[PDB]
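**Student:** Structure below; questions to follow.
All of this is worked out from the model, or read from it or from the source named; nothing here is a laboratory result. Methodologically, a virtual Cβ is constructed for each residue, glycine included, from the backbone with ideal geometry; neighbour enumeration extends over all protein chains shown.
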Amino acid sequence: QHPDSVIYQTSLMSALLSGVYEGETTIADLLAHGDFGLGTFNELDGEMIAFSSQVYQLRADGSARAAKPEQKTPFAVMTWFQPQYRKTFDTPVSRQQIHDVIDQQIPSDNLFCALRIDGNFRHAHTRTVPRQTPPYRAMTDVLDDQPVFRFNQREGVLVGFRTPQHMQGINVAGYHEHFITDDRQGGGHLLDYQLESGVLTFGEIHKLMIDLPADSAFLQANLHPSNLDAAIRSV
Amino acid sequence: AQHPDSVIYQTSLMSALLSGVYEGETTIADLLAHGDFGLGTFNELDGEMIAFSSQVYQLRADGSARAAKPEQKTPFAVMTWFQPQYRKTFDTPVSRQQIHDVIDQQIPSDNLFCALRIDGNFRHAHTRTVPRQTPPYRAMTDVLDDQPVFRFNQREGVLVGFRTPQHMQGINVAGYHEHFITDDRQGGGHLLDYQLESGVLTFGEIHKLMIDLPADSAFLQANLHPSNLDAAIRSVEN
Ligand SMILES: [Cl-]
Ligand SMILES: [Cl-]
Ligand SMILES: [Zn+2]
Ligand SMILES: [Zn+2]
């Protein structure tokens, strides 16, 4: 029937920031809820990117690997990607100009958006969380390997979600975009990028499923400090 | 299937309902597909909804607590298929806060949801039911105002409630949110406080939440991130 129009989420972003780095949600159980998405891995060991319908791990020492079916994640956002709009670019366009386009076709901030870009990127600045060790602290005071890596004139795939401003804490407020190269050898959490040329797929989503963990690490965590927003708009 | 369907469903949001969005097109019949248990309000804020044993009632500011009709529509509601893991009987008087103490002690983690139901005799109870609104649809803090507080005394009835994580304010009603109907099914409303004479409390925890965003233009243009939110919701729900 009517395709599965749901944002599935193993959660919370507030939890990931609180210091809950280990979940029991599997890559396999993620693929059950979509063919498309992003997130991280247990112990914050690099970035996850998922598309059509392949899961990759983007690690800290640069590099990237194909995700193994039974790896687990403390936070991930999946969906069956079914775009409704599309724009093609011949002239170079920035990350914001992409967001302008999407905002124009989907003005209401009260909805979710899934977006995918396939093309050649003139520049791209990324960050990538490094594998952690106990005691698991916040996602601030990382260590801080948040050094900014730079890609140049690389072909690749972009995967992203737009999350309502009022949903911060639950997910990443605003645009959250991940990147992997056509080689599948590099990428990460995008801070900014600019497109030389490419194809932008996107669509709005109205349904959100949140899967709250049952492990003690999640159960004992305080997910309501009034710090949050500047802390997450810092990852 | 093989795995329990224990999910908190809502047609949303509380911030949307607060902002002034008073009409959705989710029907009562739609809600029942997502639970036999729950609460909320009706379109044009026409009273309170309470659901238990898949029976749906409309609690009115009017006071004419009537049985809801399957085609009736709601701008906000919370449902679940009630599957309690705990049962507790009270032989001596206990307050709303003492009942909350029981639940908070058995389910200490605030990061999960709780569904709660009480059958029995209520010594006292205070309710406030929202009255049917006309345009311009306003923020719930604007109260215009047929929202008096009523006191029920020595009434048998059914209580239906949810406990929502403190960090999900705006999405739902943070903390304890409870509705009440008399054994008469002719009275009740949104609870502000209550005192249980004696009765049976059953409750359980839920790890899954399903949010269903409407597509109507009123929802699309509503401000769901006001500086007002937290205190405003708590002011409207006490
Ligand atoms: Cl991330
Ligand atoms: Cl309500
Ligand atoms: Zn990211
Ligand atoms: Zn209520």
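**Student:** I'd like to know if segment A:176-188 contains one or more residues that are more than 30 Å from B:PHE219 (Cβ to Cβ), buried (at least 23 other Cβ atoms within 10 Å of the Cβ) and touching an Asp or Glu at 6+ places or on another chain (Cβ under 7 Å).
**Tutor:** Yes, because at least one residue in segment A:176-188 is more than 30 Å from B:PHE219 (Cβ to Cβ), buried (at least 23 other Cβ atoms within 10 Å of the Cβ) and touching an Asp or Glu at 6+ places or on another chain (Cβ under 7 Å).
**Student:** Taking the residues in segment B:100-113 that are hydrophobic (A, V, I, L, M, F, W, C) and away from every other protein chain (no Cβ under 12 Å) as candidates, determine which candidate is surrounded by the most Cβ atoms within 10 Å (Cβ to Cβ).
**Tutor:** Only one residue tops the list, namely B:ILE103.
**Student:** Looking at A:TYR21, is it in a loop (DSSP other than H, G, I, E, B), more than 16 Å from ligand 2 (Cβ to nearest atom), of a type in the set (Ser, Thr, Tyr) and in contact (Cβ under 8 Å) with a residue 24 or more places away in the chain?
**Tutor:** Yes: the conditions hold for A:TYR21.
**Student:** Right, next: Could you tell me which residue of segment B:28-45 is surrounded by the fewest Cβ atoms within 10 Å (Cβ to Cβ), considering only residues that are in contact (Cβ under 8 Å) with a residue 40 or more places away in the chain and more than 22 Å from B:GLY189 (Cβ to Cβ)?
**Tutor:** B:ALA29
**Student:** Right, here's the next one. Just to be sure, is B:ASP36 away from ligand 2 (no atom under 14 Å from the Cβ), under 14 Å from the mean Cα position of the chain (by Cα) and among the acidic types (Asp, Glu)?
**Tutor:** So B:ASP36 passes the test.
**Student:** Check off (1) over 12 Å from the mean Cα position of the chain (by Cα); (2) part of a strand (DSSP E or B) for B:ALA77 and give me the number that stays unchecked.
**Tutor:** (1)
**Student:** Just checking, which of B:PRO136, B:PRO131 is assigned to a loop (DSSP other than H, G, I, E, B) and either more than 16 Å from ligand 2 (Cβ to nearest atom) or in contact with a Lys or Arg (Cβ under 6 Å, 6 or more places away or on another chain) (or both)?
**Tutor:** So the residue among B:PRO136, B:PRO131 that is assigned to a loop (DSSP other than H, G, I, E, B) and either more than 16 Å from ligand 2 (Cβ to nearest atom) or in contact with a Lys or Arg (Cβ under 6 Å, 6 or more places away or on another chain) (or both) is B:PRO136.
**Student:** Condition first: within 14 Å of ligand 3 (Cβ to nearest atom) and among the β-branched types (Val, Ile, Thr). Now tell me which residues in segment A:19-68 satisfy that.
**Tutor:** Hits for segment A:19-68 are A:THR40, A:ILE49.
**Student:** Suppose we keep only residues that are assigned to a strand (DSSP E or B) and away from ligand 2 (no atom under 14 Å from the Cβ) within segment B:54-74. Which one would you say is surrounded by the most Cβ atoms within 10 Å (Cβ to Cβ)?
**Tutor:** Restricting to residues being assigned to a strand (DSSP E or B) and away from ligand 2 (no atom under 14 Å from the Cβ), the top hit is B:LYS73.
**Student:** Considering B:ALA1, B:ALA51, which residue is in the same structural domain as B:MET210 (by CATH) and surrounded by fewer than 22 Cβ atoms within 10 Å (Cβ to Cβ)?
**Tutor:** None of the others qualify; the one that does is B:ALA1.
**Student:** What are the residues in segment B:206-230 that are of a type in the set (D, E, K, R) and facing chain A (nearest Cβ under 9 Å), if any?
**Tutor:** B:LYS208, B:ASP212
**Student:** Given (1) more than 18 Å from B:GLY35 (Cβ to Cβ); (2) touching a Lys or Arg at 6+ places or on another chain (Cβ under 8 Å); (3) within 12 Å of another protein chain (Cβ to nearest Cβ), identify the lone condition not met by B:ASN153.
**Tutor:** Answer for B:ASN153: the failing condition is (3).
**Student:** Suppose we filter segment B:87-128 for residues that are closer than 26 Å to A:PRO213 by Cβ and either assigned by CATH to the domain that holds B:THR11 or assigned to a loop (DSSP other than H, G, I, E, B) (or both); how many remain?
**Tutor:** 6
**Student:** Report yes if A:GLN168 is among the polar types (S, T, N, Q), away from chain B (no Cβ under 14 Å) and in contact (Cβ under 8 Å) with a residue 40 or more places away in the chain, otherwise no.
**Tutor:** The answer is no for A:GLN168.
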